[PDB]
Each structure stands twice: as structure tokens, then as C-alpha cells.
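Computed over heavy atoms, backbone and side chain alike; hydrogens, waters and symmetry mates excluded. We name chains A, B, ... by the order of the sequence lines, and we start the count at 1 in each one.
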Amino acid sequence: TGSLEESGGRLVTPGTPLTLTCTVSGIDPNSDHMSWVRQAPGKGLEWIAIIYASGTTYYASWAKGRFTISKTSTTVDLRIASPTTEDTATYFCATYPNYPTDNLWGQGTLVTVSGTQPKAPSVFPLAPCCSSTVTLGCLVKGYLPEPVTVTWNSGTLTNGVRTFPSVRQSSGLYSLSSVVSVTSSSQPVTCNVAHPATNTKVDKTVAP
Amino acid sequence: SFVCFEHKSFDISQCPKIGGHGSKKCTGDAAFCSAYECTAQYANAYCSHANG
Amino acid sequence: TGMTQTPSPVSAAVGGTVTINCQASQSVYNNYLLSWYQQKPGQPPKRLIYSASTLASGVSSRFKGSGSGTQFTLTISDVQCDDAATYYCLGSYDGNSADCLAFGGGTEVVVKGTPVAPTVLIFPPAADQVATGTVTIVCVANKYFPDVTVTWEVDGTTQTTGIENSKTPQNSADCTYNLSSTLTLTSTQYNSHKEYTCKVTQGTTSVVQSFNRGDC
């Protein structure tokens, strides 16, 4: 019955103040102690701050003075006063970890702090050089910020799909590939690449 | 001190103090809530001021 | 002030038992206010244990927590492919004197299932790539365990630059990896050489895919 949902993550330039919001559902206004936690790409979980039911707040020693935690009857907010590139991370909200009730976490909201301007990806087909079964794909290159979404045939094609984690280039842009294994009776497969940050959608059809 | 009623003597140190830590959800009367967090939803225990 | 976990990776054979250690420089508040978490890629962490040893609802009895004060252990028995993940302890301390809550640095579990040699595919760049100035060749290694190393060769010369690798997380049924290795060159660089080769080695044994530029 209870759940949490973070919002407000986006790409900003360093020093741009940013407020993130945790919307609480199915949980009473003053019956839990809510924390914000972050995780930079490839790094561990870092606790940032807590707001108790009483309204009492604490911050990690590194976080004090840079972050403000607050609450309403239905939300918990985190203000990041002066972000740096080191603040790039997924930000999660979570209930109090020592209570015997279910410890709820949201899916997280992704904050990106960078000088580099947002860029839509270029999408290129992957086909073997020109069989009963074949592997085809899409190379999604040169985007910022994460994420992109990749589906095949509008989500109807899910068997034998493999999408690789993104890699950050030296440039500061991201690239990934998705591949799918299909049979000869398959009509050419279409990868649907979407980049919410630029409100961009690319459909690329791929054939042997 | 306090008298504690447990839903299934009770160890009140399991109730977080205000801005404190603990393993049980506790709620209570006005005196209890002056010193302890009061979290009524799914509470494990209710604690009230002991007269006498 | 310092929470140290077992260094990564911990390698556990299927059906085996693994221990992950968490050590705190100070005792946790009330000695047992320590919780454990599992995190799989792309997901928030899931609580396994609280009060040092109490199993959270929904969680398999294969997970057990023990310890008190400064020393805690998570044990995973009958280790399955699905246990491939990063595991974290979370300590509680007086917020006036220290961090209110503190995570250990995390410990990755790699599950050793049945060995399997990779198959390799190579994908020549789409024709529309070359006009952009940058060319990107993709090599893929499918459904393999244990780890592989990738080497790229152009006309027999081993490439030392412009190579990026990305590995999927261990499959939760069979423990296998998939890898994508990408070779990025300029169009003139790409148009200088004929043969593009990707060589995937697993221990002693090697699997190769090649294509000749502008040939099919």
C-alpha cells in the first residue's frame, strides 16, 4: 500500500540550485523518518540527510551547509544549493531503516551537473556483413544526459534482447548498443530510441 | 517514567527518542511524545506517563 | 567514523556459502541497529535484514545476519545466480556526534556458475557513419562465463586506443555475461586499413571475427 516516487532530477550547470521532491503515497504525514540517499554512477550508496516525524533534521558531515531537507504532509524535499559535477547521481528517498515495517525506496531521480549542453543521440544500424537465425542491433551514440530508452518493435519484441550499459566517452557524451536475435521469418526489426531530455525519438529499421 | 503497551516489561529503549534511534514504532500520550518520536501508523507500542 | 566491508569481488560457486563482513570504528547505536541491503543494477537497494539479524518480510531464509557492536556479517547460503549483486551494510549512530546513518562501501558478489565459451559477432559500421567523420565498429561476445579479454587488430596491428567495453550484469538464471566492445576511429583512419578483427580470449582459448572494409 505504501510507495515513494522521486522527481526533479535533470541536467543543470554547476552552481544552479536544484530542488528534488519525494512524493509519498499510502503513508501517514508524521509516522516515518524520511532520508535522501544518492549514488553516483558506478559508486556506492551515500546517505545525505534525514527528516524525522518530529521535524528534526540531520545531514552527513560532508552535506551540511550544501543541502536542505524539508517536508509537507505528502512530500519530502531536498534542495541542493550549489551543485558541482561531483553531485551527479541518482537521488533516492527512503523510509527509516530500523523499523520493522517495509523499508520503502523510490526508483530514484537522476541529477546531472555539467557544463556540456544537452545533445540528442545519433542512431546507426548493426547488421552482419551482407541464415536461419540472425542478430541485429542499434548503436545509440553521442547523447547527454542519460537516460535513453530503447525498445524493439514498439515493445512487442522482447525475446532475446540485450541492451548494454551506457559508456561515457572522453568527450562527456554517452553511447550504448542494443542487439536482438531473430529468425528469418522476422520482418526487419525496428529499434525505437527516445531521449526525453531533448524530446527526441528515432525509429531505425534494421535488416540482414 | 512510562508504562508501555505492546501490540503483537517492554523495553522502551527500542522507541526512538526525538531525533534518536530505535527498532520499534512507538506512539503515546503528550508526555511521551515530548521526549520520544510519536509514530502512530503501524505502531508496535503505546506508552503513557506513569501516575504515582 | 569508518565503516569497512569485505573487498570486492567475492566469488561464490553456485550452492556454496559466502560471508560479507562489515566493521565499524565505533559501535552502532544500541549495538544492533544495523541493516543489510542487496542492490542489482538499475534498481534501488532492497533491505534484507534489520536489527542485525532479523530477516525482512519477503526475503529468502538463505540470507542471515549476525554480529553486534562493531562487527557484523551477512551470510548467503546455497548461493544462486540471482544473488549476483552488490551488498551494503547500514549503521545507525547518534546524529549529534556523527553521521546519523552511514553505509559501508559495498561488496560485489560474482557467482561462479557453469563455464561457457562465448560466441562472437562483429558489426561493420553502417554506410551513413563514414560521412560524419567518425566511425564506430562494434564487436559482441554472447553468453559466456568466466570473464573474457578483448583485443582489436587492424591489418594485424593490435589497437591500443579508442576501445570501450560494456558488460551486462550476470544473468540471474545461468550466471552468464554479455559484452559489447566498440572501436572508434576517424573516417580517414578507417579508410586507411582493410581488415578489422576482434579477438575474444577466455583463459587460453580464443575466438575471432573479422571483416574486410568495403567487402561483404
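The CG atom of C:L55 sits 8.0 Å away from the CG atom of C:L48 when rounded to the nearest 0.5 Å. One finds the OG1 atom of A:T57 at 15.0 Å from the CE atom of A:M34 (value rounded to the nearest 0.5 Å). Here the CD1 atom belonging to A:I48 is positioned 12.0 Å from the CG atom belonging to C:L101, to the nearest 0.5 angstrom. To the nearest 0.5 Å, atom CG of residue A:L157 and atom CH2 of residue A:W152 are 7.5 Å apart. From A:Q107, atom CD reaches atom CD of C:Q43 across 7.5 Å, with rounding to the nearest 0.5 Å.
Counting only N and O atoms by type, the side chains of A:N192 and A:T151 include a donor and acceptor under 3.5 Å apart. Under the 3.5 Å distance criterion, with hydrogens and angles disregarded, a donor-acceptor pair is assigned to the side chains of A:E146 and A:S166. Inspection of the C:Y29 and A:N98 side chains reveals no N or O donor paired with an N or O acceptor under 3.5 Å. One side chain, A:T190 or A:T205, offers a donor N or O that lies under 3.5 Å from an acceptor on the other. Side-chain polar atoms of A:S54 and B:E37 form a donor-acceptor pair below 3.5 angstrom. For the 3.5 Å distance criterion, the side chains of C:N30 and C:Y32 fail to qualify, holding no donor opposite an acceptor.
Within the 3.5 Å criterion, the main-chain N or O of C:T19 finds no donor-acceptor partner in the side chain of C:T75. Remark: the backbone N or O of C:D94 is not paired with any side-chain donor or acceptor of C:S97 at under 3.5 angstrom. A donor-acceptor pair is defined here as one N or O able to donate and one able to accept, closer than 3.5 Å; no such pair exists between the side chain of A:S35 and the backbone of A:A94. The closest donor-acceptor contact from the side chain of C:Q129 to the backbone of C:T136 lies under 3.5 Å. Side-chain N or O atoms of B:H21 include one that pairs as donor or acceptor with a backbone N or O of C:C100 at under 3.5 Å. The backbone N or O of B:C38 lies less than 3.5 Å from no partner atom in the side chain of A:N30, so there is not a single donor-acceptor pair. At least one donor-acceptor pair under 3.5 Å links the side chain of B:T39 to the backbone N or O of B:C26. Of the possible donor and acceptor atoms, one in the side chain of C:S25 sits under 3.5 Å from a partner among the backbone N and O of C:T1. Between the side chain of A:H33 and the backbone N or O of A:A53 there is at least one donor-acceptor pair closer than 3.5 Å. No donor-acceptor pair under 3.5 Å is formed between the side chain of A:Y58 and the backbone N or O of C:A98.
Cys pair C:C22/C:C89: SG-SG separation is below 2.5 Å. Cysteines A:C191 and A:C138 are disulfide-linked, with SG atoms closer than 2.5 angstrom.
Using a 4.0 Å cut-off between charged nitrogen and carboxylate oxygen, A:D87 and A:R38 count as a salt-bridge pair.
Annotation: cation-pi pair B:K25/B:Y42 absent, no NZ/CZ under 6.0 Å from the ring centroid and within 45° of its normal.
Taking the six-membered ring where the residue is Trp, A:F92 and A:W105 present perpendicular rings, their angle passing 60° and hence far from 30°. Using a 30° and 60° split on the angle between ring planes, A:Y52 and A:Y96 fall in the tilted class, from 30° to 60°. Between C:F103 and C:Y88, the ring planes lie perpendicular to each other; the angle is over 60°, past the 30° to 60° tilted range.
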Yes or no on side-chain hydrogen bond (donor to acceptor under 3.5 Å, both in side chains) for C:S35 and C:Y37, after CA distance, side-chain angles and deciding distance?
CA-CA 7 Å; C:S35 57; C:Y37 294 82; 3.2 Å; yes
Assess whether side-chain hydrogen bond (donor to acceptor under 3.5 Å, both in side chains) is satisfied between C:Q39 and C:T86, documenting all intermediate values.
CA-CA 5 Å; C:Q39 196 173 31; C:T86 311; 6.0 Å; no
Evaluate A:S25 against A:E5 for side-chain hydrogen bond (donor to acceptor under 3.5 Å, both in side chains), listing each step before the verdict.
CA-CA 8 Å; A:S25 171; A:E5 181 187 300; over 6 Å; no
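Of the listed residues (A:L78, A:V76, A:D32, A:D77), just one forms a side chain to side chain contact (heavy atoms under 4.5 Å, CB included) with A:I51, and that residue is A:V76.
Taking 4.5 Å as the limit, some side-chain heavy atom of C:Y93 sits within range of a side-chain heavy atom of C:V28. Considering only heavy atoms from C-beta on, C:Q170 comes within 4.5 Å of C:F145 through its side chain. Counting only heavy atoms from C-beta outward, the side chains of B:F10 and B:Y46 never approach each other to under 4.5 Å.
The disulfide bond (SG atoms under 2.5 Å apart) test applied to C:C175 returns C:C81, not counting sequence neighbours. Applying the side-chain contact (heavy atoms from CB on, under 4.5 Å) test to C:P9 and every residue at least two apart in sequence or in another chain returns C:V110.
Every pair passing disulfide (SG to SG under 2.5 Å) that includes a residue from residues 8-102 of chain A is listed here, sequence neighbours excluded: A:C22-A:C93.
For C:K143, the NZ atom sits in a loose shell: 12 or fewer heavy atoms of surrounding residues, nucleotides or ligands are nearer than 6.0 Å.
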